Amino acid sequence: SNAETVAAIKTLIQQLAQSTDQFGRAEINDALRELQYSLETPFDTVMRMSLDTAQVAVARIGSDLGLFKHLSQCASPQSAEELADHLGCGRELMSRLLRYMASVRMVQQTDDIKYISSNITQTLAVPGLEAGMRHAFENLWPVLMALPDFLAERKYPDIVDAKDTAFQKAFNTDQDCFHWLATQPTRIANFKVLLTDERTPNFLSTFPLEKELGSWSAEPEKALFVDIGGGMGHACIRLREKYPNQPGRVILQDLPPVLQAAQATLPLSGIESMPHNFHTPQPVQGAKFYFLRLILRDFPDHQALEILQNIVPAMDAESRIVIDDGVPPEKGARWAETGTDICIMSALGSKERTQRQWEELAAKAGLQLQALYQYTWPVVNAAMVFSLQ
């Protein structure tokens, strides 16, 4: 029975996935993807490429309607008619959307053709994760749609500049992405929500802080941790939580509107909010750790170098710059890393960097790599610790 074999495959893979940790499950997931691509027919390859696109548009519709939040609060299965009337959607349209969503697990369909939430329903109901999906639709899609004709018209140049990539064609502007976004309040509002998502795990799961501290003294009143472009301060909060007895100033640096958003959820004491533009010289002198998490991947080499050169004059011999970012391998990189590389090339002119490419960038700022502490697998995020040469 082919149905019996499929059911047994599902049982065994679900059991193997429970038998391991999140990194093992991520490896299983990538294997399932590779198996699919290798087992599909040629026609199914093109069908998959033609249709998987629709998931983002339909998630965006469900988000607009409030469907995922509503369904995640429902105590019993709901009919399409009930959902349509409650959310203000045409009954036929709602039925067709829900049938599509159930087929890609965006919701679950029951045996009597009613609907309940799935894991994906709950995910899309979370404001920060919903904002990530809406970002993909409104900011990533236009840039990817413009990229092939941009490259064709320009005879396939290497993209190296934030002011000369697919973004300018997609949005009919000469500004770079970050400058243009600052003029679009609806997009700024979505980014504000996006900043509330906290990635897990984080670098403190593997970072040997006491080892890296050595004999560094916080006395008289030195800074332990300067979180440069720290957003909502999640790194600062987790640091104080994990190391509540380590002395030294912990400083969140970001732009004033972001620091105001962060205030509601920062601890009452122990974390300073310091307005600071990281394109200017670093004001905090002689801190133990200057921390840059997912900052430098958004910038081409010239601008990333300037950010580092703004920090180096503040360092003393014991200071370290900690770059927490993606470190793809030299070969066999996975779709999350290479896909991110193509997207930030097209929107920002930047790139993902291997360890050798990080070291080459840091060397231009007078820095040398002392240690690298991986904390995710198989897609590598790592805290890279640099000192003065």
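Don't overthink the numbering: it's just position in the shown sequence, from 1.
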> With respect to the recorded C-alpha B factors, which stretch has the higher mean value, 224-232 or 105-113?
Replying inline: 105-113
> Higher mean Cα B-factor in the deposited model: 240-248 or 129-137?
Replying inline: 240-248
> Highest Cα B-factor in the deposition, which of 149, 316, 298, 254?
Replying inline: 316
>> Between 166, 213, 162, 287, which one tops the list for Cα B-factor in this entry?
In response: 213
>> Please place residue 376 in the lowest, middle or highest third of its chain according to the CA B-factor in the PDB entry.
In response: lowest
> Ranked by Cα temperature factor within the chain, is residue 62 in the lowest third, the middle third or the highest third?
Replying inline: middle
> Once the chain's modelled residues are ordered by C-alpha B factor and cut into thirds, is residue 99 in the lowest, middle or highest one?
Replying inline: lowest
> Can you tell me which third, lowest, middle or highest, the CA B-factor of residue 87 falls into for its chain?
Replying inline: highest
> Among the chain's modelled residues, which third holds the C-alpha B-factor of residue 307?
Replying inline: middle
